[PDB]
Amino acid sequence: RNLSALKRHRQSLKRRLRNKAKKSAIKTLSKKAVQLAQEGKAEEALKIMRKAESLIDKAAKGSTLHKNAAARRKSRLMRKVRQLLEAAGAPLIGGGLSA
Amino acid sequence: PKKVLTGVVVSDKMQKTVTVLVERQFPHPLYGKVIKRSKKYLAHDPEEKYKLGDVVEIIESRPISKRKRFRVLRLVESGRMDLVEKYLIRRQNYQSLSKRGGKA
Amino acid sequence: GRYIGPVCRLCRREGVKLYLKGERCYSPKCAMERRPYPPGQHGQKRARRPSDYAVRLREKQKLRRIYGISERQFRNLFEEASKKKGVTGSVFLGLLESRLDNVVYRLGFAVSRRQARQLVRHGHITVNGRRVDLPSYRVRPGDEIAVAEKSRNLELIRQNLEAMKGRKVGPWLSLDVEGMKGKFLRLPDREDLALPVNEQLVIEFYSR
Amino acid sequence: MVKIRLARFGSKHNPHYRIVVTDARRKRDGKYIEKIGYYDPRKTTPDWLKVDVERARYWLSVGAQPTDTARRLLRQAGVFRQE
RNA sequence: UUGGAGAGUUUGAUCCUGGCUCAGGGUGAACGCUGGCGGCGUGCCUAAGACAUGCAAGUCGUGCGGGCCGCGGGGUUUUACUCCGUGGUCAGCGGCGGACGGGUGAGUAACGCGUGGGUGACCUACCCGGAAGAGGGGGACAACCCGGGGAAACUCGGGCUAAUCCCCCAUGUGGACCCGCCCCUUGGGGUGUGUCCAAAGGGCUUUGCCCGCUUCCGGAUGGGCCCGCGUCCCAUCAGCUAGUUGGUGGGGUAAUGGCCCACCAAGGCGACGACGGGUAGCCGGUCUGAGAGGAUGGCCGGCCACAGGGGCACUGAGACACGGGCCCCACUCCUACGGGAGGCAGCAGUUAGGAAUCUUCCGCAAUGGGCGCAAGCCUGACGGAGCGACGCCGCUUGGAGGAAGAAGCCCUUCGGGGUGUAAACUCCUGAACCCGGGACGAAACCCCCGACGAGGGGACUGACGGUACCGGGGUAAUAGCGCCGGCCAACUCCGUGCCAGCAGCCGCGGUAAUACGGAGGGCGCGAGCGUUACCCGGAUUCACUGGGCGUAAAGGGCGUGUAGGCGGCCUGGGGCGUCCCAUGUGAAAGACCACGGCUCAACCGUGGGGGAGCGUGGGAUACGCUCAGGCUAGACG
Ligand SMILES: [Zn+2]
């Protein structure tokens, strides 16, 4: 007993994958930008954060990132960075950081 | 209007949190006499200012911990253990009246 | 089963003449004439003192049996008579006298009450212009209770009105024989009723 | 999307409607927001329709698509007559 | 002041106590005897057992590409092949709906629900309004074609390709995040530098109009979380707790939060009943009651919870999602025994259980809802019919006349009384039944004019139903059940003989029965009447209103004093209780009053009024409370 009201499931799969490849994207890049500030790579750290901040707001554009969700993400990354760069001051670029 | 209550700090063993005894009076729903009931509300002292035996005002706030939905407003009257004692003795009496073993 | 059976049997049980047949309950025979003792093998027997309920009972019955209404409706009336401001008793009687069937009786269009109902359920009764077959219809004040155009030429109704030249009509009602019409002026007052009842006893009855 | 529509209140063969304002998603016979006049199909009384435009315009102003039938009634009231 | 009735029963007799019993009202009822009609309402209360069959959510070609079957037309002299337009059909990709509506009450004693509040801890699709913009570039996967696996359900792999699917880049009205400052004051607002983020097109009456698109502020509606108060029984349940209570950081969410994790601390609750057990969705209301109160929460409405049992997440504005998904379990079915397919607590229905609860009906006309520019599609939401005296309300089985009184049946003091105006018989009316006419509900969307605005004109369209209803004609045309000792309205004969039997209670019956069984007669009620069950009532017999304890049941064997309850005279402050005022709330339906609708009423509409409780503001201060001061009559020395 078939129902054409399963296409939704037939489609959910496509989105499941869809969202997945995007979120995991973030996770990784963030976790990359983070380890950089540890070592004190004030140049590329911001080079990556920027690639992050972009991905993030891009997921909010769609259905991936709830909305304010993206916001948390952003606050949790920049704040986590800046604090680290206290071990080796002076941001070379000054990309994702107002001052 | 955020609810405001008045009571006494009876517990001072917790970190940043203080137990407040809040007495309430009211006519009994059928027997009409004024019965006096009460409740302990866990307040929230950031600066560890409020001490035992202090009468404080409570004010409904943003949830903080499981069971601690109130912040302390101001102090009303410092220096009044007489109230706390009552809380304490009643507690003590509670150690009695069981099936473990009664003595003197 | 809105009753319908032996009539002057009740004229008999109550000890009070009950005008249930119109003509005849006037000729030496509504039965009460010459035979006042109640029905049954035991009519001629000595009657023991009637217990409080007993009296309240028969006094309720006398009323009910008069208009010949089923207890079910009688009760309902009394119930609604109690929700109205006024005297729980006189107001009762008011509604009772407000019935389409009854009105036709007082208006004289019918020999008796019983005959009145039929006159209605067979549609010989106009009301403000439209016919009506439901007797339980309550006539409001200022209504033009009439006769069916069709029914005017009736061997019955005709012989009845002929009698109305000589009889006065209830003080709260008017009628134009020459035109077989008649109106309901206002709710009649207890001081305006002739019944041989005692409302108080009827009310008392319903508080048991 | 809050609509403006009817609501049954008559009885078996005795239909009596209630022009009201309520969230789309609720029932016909469900808790409304603000009743604004009634309508009677059969029209047994000379007074078989009422509206109080003052409020009716509030809503449309705020954003409340009314029914095909509903709008019809509001038109008779003179809800939209800009003369 | 619109409101309150009691009786029987412990004795030889009396009074009190006291229990038992009854009369009343009510029901989603069931059972018995009886059973004509209509309107409105209502109908699994038990196995939240198991469930065949069908139907219960879809819809858009004015978002994109094709398959099948066929028709018309082009390029071909012709043929094959091919190009356009098109009908039908199918599914796919994409959008929107599936998170509503419908069921049900298992669980749940809880912020679950009620009520009043908070959100500087939040979201909100479509709708409305307001501001800004849509610039350039590229990609994937079905369908479709080719191949393989399997019994099956279904699945694998290779290749093509469109789009309002997806992704990149630029613009940035704006918006996000960090940091700084100004204001505010828990995560509110302003602002500056840095960084990051937009977007689709389609249709026509195609130089403009419609639909749709993007960012942002506002609105509206809807909802998350949180707090005060309220919320059943057992103490023959008294101590409960280890993420348990709190803290710091981190995670996670729309967001507060032990929600989760790590570490730190040792807490948190309980006789104002913790924990344990039992039971039960909550409420507006509804039943009863003079009231307080008790009982209840189906039908309708609101909130919650589950959708065979348990677990989990995805997608999404929203789900942890009854007719979507993953897993385990129990069950049922197909099976080549590897492995699968199922969930009526949707409608109807089946079976089981039971005292007991319906038609596999009609219609999509109306009202609503989804999708659509629309025509329109879906809509067992719904509107209707049908079945059930299950309730209620209305209706009938006739009316008038007619004996000092028929017959028959009963009673007798045998003379007569009774059934009884009852019949018969007289006349009159005329439900049923027959013919004819025959409905509101229904006017929109659409179309046309007008400016797709306002305004105006035109068309279509009923399940009920040929039903209601009107006209005409027209037959005299169902009655039953309980009861007749007291309570309790209604009394005789016979049969019987502590038997047979009645019986709510007291009791009745052993040859004289107003109490058994029939009969005449009588009372009560009438398409109904009884019965049993259950709720309130009587019962002031759990006693707030409104009880008691010498002997009727009842003072603790006595003292001590804990918690608690309660407390003297005068003065003042505060004004928490307490009282008055204003205000928001107290949805709707119901109840009430009034007016009206359907020939009445039941039923329904419309309008008015009332209210306890809580929020905020204002006021009063006797009395209670509190603080202060003073007294001496209580107490103590
Ligand atoms: Zn008579």
# chains A, B, ... in the order shown; residues from 1 in each chain; ligands from 1

call {"tool": "residues_around", "arguments": {"residues": "residue 97 of chain E", "least_positions_apart": "3", "cutoff": "10 Å", "atoms": "only C-alpha atoms (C1' of nucleotides)", "output": "PyMOL selection string"}}
result
chain E and resi 57-59+100+370-371

call {"tool": "residues_around", "arguments": {"residues": "residue 58 of chain D", "least_positions_apart": "6", "cutoff": "12 Å", "atoms": "only C-alpha atoms (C1' of nucleotides)", "output": "JSON, numbers by chain"}}
result
{"D": [4, 21, 34, 36, 52, 64, 79, 80], "E": [128, 219, 220]}

call {"tool": "interface_residues", "arguments": {"of": "chain B", "to": "chain E", "cutoff": "8 Å", "atoms": "only C-alpha atoms (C1' of nucleotides)", "output": "PyMOL selection string"}}
result
chain B and resi 1-3+13-17+25-26+30-32+36-38+60+62-66+69+89-90+93-94+98-99

call {"tool": "interface_residues", "arguments": {"of": "chain C", "to": "chain E", "cutoff": "6 Å", "atoms": "only C-alpha atoms (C1' of nucleotides)", "output": "list in words"}}
result
residues 1, 40, 41, 115, 132, 134, 136, 137 and 208 of chain C

call {"tool": "residues_near_ligand", "arguments": {"ligand": "ligand 1", "cutoff": "6 Å", "atoms": "only C-alpha atoms (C1' of nucleotides) and all ligand atoms", "output": "compact mmCIF listing (two decimals) with C-alpha atoms, in the first residue's frame"}}
result
# COMPACT_ATOMS: atom_id res chain seq x y z
CA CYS C 8 -67.78 11.96 34.99
CA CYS C 11 -66.58 14.65 38.44
CA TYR C 19 -67.26 20.80 34.14
CA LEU C 20 -65.89 18.29 31.72
CA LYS C 21 -68.78 17.88 29.37
CA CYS C 25 -72.93 18.39 33.12
CA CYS C 30 -72.92 15.26 35.55

call {"tool": "residues_around", "arguments": {"residues": "segment 63-73 of chain A", "least_positions_apart": "4", "cutoff": "7 Å", "atoms": "only C-alpha atoms (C1' of nucleotides)", "output": "PDB file with N, CA, C and O atoms (P, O5', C5', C4', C3', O3' and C1' of nucleotides), in the first residue's frame"}}
result
ATOM      1  N   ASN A  19      23.047  18.707   4.891  1.00  0.00           N
ATOM      2  CA  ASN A  19      23.399  19.435   6.087  1.00  0.00           C
ATOM      3  C   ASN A  19      24.714  18.923   6.629  1.00  0.00           C
ATOM      4  O   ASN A  19      25.652  19.697   6.814  1.00  0.00           O
ATOM      5  N   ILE A  56      29.907  29.512   8.212  1.00  0.00           N
ATOM      6  CA  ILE A  56      28.880  29.625   9.207  1.00  0.00           C
ATOM      7  C   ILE A  56      27.708  30.417   8.677  1.00  0.00           C
ATOM      8  O   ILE A  56      26.692  29.815   8.321  1.00  0.00           O
ATOM      9  N   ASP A  57      27.862  31.733   8.528  1.00  0.00           N
ATOM     10  CA  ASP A  57      26.741  32.512   8.052  1.00  0.00           C
ATOM     11  C   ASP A  57      26.065  31.916   6.794  1.00  0.00           C
ATOM     12  O   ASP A  57      24.854  32.120   6.562  1.00  0.00           O
ATOM     13  N   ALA A  59      25.546  28.703   6.291  1.00  0.00           N
ATOM     14  CA  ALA A  59      24.684  27.619   6.704  1.00  0.00           C
ATOM     15  C   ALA A  59      23.407  28.187   7.297  1.00  0.00           C
ATOM     16  O   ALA A  59      22.377  27.516   7.288  1.00  0.00           O
ATOM     17  N   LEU A  77      33.759  30.960  18.645  1.00  0.00           N
ATOM     18  CA  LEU A  77      35.018  30.790  17.958  1.00  0.00           C
ATOM     19  C   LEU A  77      35.944  31.994  18.153  1.00  0.00           C
ATOM     20  O   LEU A  77      37.063  31.835  18.633  1.00  0.00           O
TER      21      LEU A  77
ATOM     22  P     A E 176      22.221  42.264  13.977  1.00  0.00           P
ATOM     23  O5'   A E 176      23.033  41.021  13.408  1.00  0.00           O
ATOM     24  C5'   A E 176      22.496  39.706  13.458  1.00  0.00           C
ATOM     25  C4'   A E 176      23.621  38.698  13.482  1.00  0.00           C
ATOM     26  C3'   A E 176      24.708  39.000  14.498  1.00  0.00           C
ATOM     27  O3'   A E 176      24.353  38.440  15.753  1.00  0.00           O
ATOM     28  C1'   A E 176      25.696  38.572  12.388  1.00  0.00           C
ATOM     29  P     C E 177      25.208  38.802  17.056  1.00  0.00           P
ATOM     30  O5'   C E 177      26.685  38.363  16.687  1.00  0.00           O
ATOM     31  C5'   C E 177      27.084  37.033  16.905  1.00  0.00           C
ATOM     32  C4'   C E 177      28.570  36.939  16.865  1.00  0.00           C
ATOM     33  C3'   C E 177      29.324  37.941  17.723  1.00  0.00           C
ATOM     34  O3'   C E 177      29.495  37.469  19.048  1.00  0.00           O
ATOM     35  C1'   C E 177      30.238  37.923  15.574  1.00  0.00           C
TER      36        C E 177
END

call {"tool": "closest_atom_pairs", "arguments": {"of": "chain D", "to": "chain E", "cutoff": "9 Å", "atoms": "only C-alpha atoms (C1' of nucleotides)", "output": "JSON lines"}}
result
{"residue": "D:1", "atom": "CA", "partner": "E:127", "partner_atom": "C1'", "distance": 4.6}
{"residue": "D:2", "atom": "CA", "partner": "E:221", "partner_atom": "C1'", "distance": 5.8}
{"residue": "D:3", "atom": "CA", "partner": "E:127", "partner_atom": "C1'", "distance": 8.5}
{"residue": "D:5", "atom": "CA", "partner": "E:368", "partner_atom": "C1'", "distance": 8.5}
{"residue": "D:6", "atom": "CA", "partner": "E:367", "partner_atom": "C1'", "distance": 6.8}
{"residue": "D:7", "atom": "CA", "partner": "E:367", "partner_atom": "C1'", "distance": 6.9}
{"residue": "D:8", "atom": "CA", "partner": "E:367", "partner_atom": "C1'", "distance": 7.0}
{"residue": "D:9", "atom": "CA", "partner": "E:604", "partner_atom": "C1'", "distance": 8.0}
{"residue": "D:10", "atom": "CA", "partner": "E:604", "partner_atom": "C1'", "distance": 5.7}
{"residue": "D:11", "atom": "CA", "partner": "E:604", "partner_atom": "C1'", "distance": 6.6}
{"residue": "D:12", "atom": "CA", "partner": "E:40", "partner_atom": "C1'", "distance": 7.9}
{"residue": "D:13", "atom": "CA", "partner": "E:441", "partner_atom": "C1'", "distance": 8.3}
{"residue": "D:14", "atom": "CA", "partner": "E:604", "partner_atom": "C1'", "distance": 7.1}
{"residue": "D:15", "atom": "CA", "partner": "E:441", "partner_atom": "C1'", "distance": 8.3}
{"residue": "D:16", "atom": "CA", "partner": "E:605", "partner_atom": "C1'", "distance": 7.3}
{"residue": "D:17", "atom": "CA", "partner": "E:367", "partner_atom": "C1'", "distance": 8.6}
{"residue": "D:22", "atom": "CA", "partner": "E:221", "partner_atom": "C1'", "distance": 8.1}
{"residue": "D:23", "atom": "CA", "partner": "E:221", "partner_atom": "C1'", "distance": 6.0}
{"residue": "D:24", "atom": "CA", "partner": "E:369", "partner_atom": "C1'", "distance": 8.2}
{"residue": "D:25", "atom": "CA", "partner": "E:100", "partner_atom": "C1'", "distance": 5.6}
{"residue": "D:26", "atom": "CA", "partner": "E:100", "partner_atom": "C1'", "distance": 7.6}
{"residue": "D:27", "atom": "CA", "partner": "E:368", "partner_atom": "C1'", "distance": 7.3}
{"residue": "D:28", "atom": "CA", "partner": "E:368", "partner_atom": "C1'", "distance": 5.6}
{"residue": "D:29", "atom": "CA", "partner": "E:301", "partner_atom": "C1'", "distance": 8.3}
{"residue": "D:30", "atom": "CA", "partner": "E:301", "partner_atom": "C1'", "distance": 7.2}
{"residue": "D:31", "atom": "CA", "partner": "E:588", "partner_atom": "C1'", "distance": 6.4}
{"residue": "D:32", "atom": "CA", "partner": "E:588", "partner_atom": "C1'", "distance": 7.5}
{"residue": "D:33", "atom": "CA", "partner": "E:587", "partner_atom": "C1'", "distance": 8.1}
{"residue": "D:34", "atom": "CA", "partner": "E:587", "partner_atom": "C1'", "distance": 8.9}
{"residue": "D:40", "atom": "CA", "partner": "E:605", "partner_atom": "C1'", "distance": 8.8}
{"residue": "D:41", "atom": "CA", "partner": "E:441", "partner_atom": "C1'", "distance": 6.1}
{"residue": "D:42", "atom": "CA", "partner": "E:441", "partner_atom": "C1'", "distance": 5.5}
{"residue": "D:43", "atom": "CA", "partner": "E:440", "partner_atom": "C1'", "distance": 8.6}
{"residue": "D:44", "atom": "CA", "partner": "E:597", "partner_atom": "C1'", "distance": 6.1}
{"residue": "D:45", "atom": "CA", "partner": "E:597", "partner_atom": "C1'", "distance": 7.4}
{"residue": "D:59", "atom": "CA", "partner": "E:220", "partner_atom": "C1'", "distance": 8.5}
{"residue": "D:60", "atom": "CA", "partner": "E:128", "partner_atom": "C1'", "distance": 7.4}
{"residue": "D:61", "atom": "CA", "partner": "E:128", "partner_atom": "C1'", "distance": 6.5}
{"residue": "D:62", "atom": "CA", "partner": "E:128", "partner_atom": "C1'", "distance": 5.0}
{"residue": "D:63", "atom": "CA", "partner": "E:128", "partner_atom": "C1'", "distance": 3.6}
{"residue": "D:64", "atom": "CA", "partner": "E:127", "partner_atom": "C1'", "distance": 6.0}
{"residue": "D:65", "atom": "CA", "partner": "E:127", "partner_atom": "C1'", "distance": 6.8}
{"residue": "D:68", "atom": "CA", "partner": "E:445", "partner_atom": "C1'", "distance": 6.5}
{"residue": "D:69", "atom": "CA", "partner": "E:444", "partner_atom": "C1'", "distance": 5.8}
{"residue": "D:72", "atom": "CA", "partner": "E:444", "partner_atom": "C1'", "distance": 6.8}
{"residue": "D:80", "atom": "CA", "partner": "E:454", "partner_atom": "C1'", "distance": 7.4}
{"residue": "D:81", "atom": "CA", "partner": "E:454", "partner_atom": "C1'", "distance": 5.6}
{"residue": "D:82", "atom": "CA", "partner": "E:454", "partner_atom": "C1'", "distance": 5.4}
{"residue": "D:83", "atom": "CA", "partner": "E:454", "partner_atom": "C1'", "distance": 6.7}

call {"tool": "select_by_dssp", "arguments": {"residues": "chain A", "states": "alpha helix (DSSP H)", "output": "VMD selection string"}}
result
chain A and resid 7 to 39 44 to 61 68 to 84

call {"tool": "residues_around", "arguments": {"residues": "residue 177 of chain C", "least_positions_apart": "4", "cutoff": "9 Å", "atoms": "only C-alpha atoms (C1' of nucleotides)", "output": "list in words"}}
result
residues 161, 162, 164, 165, 181 and 182 of chain C
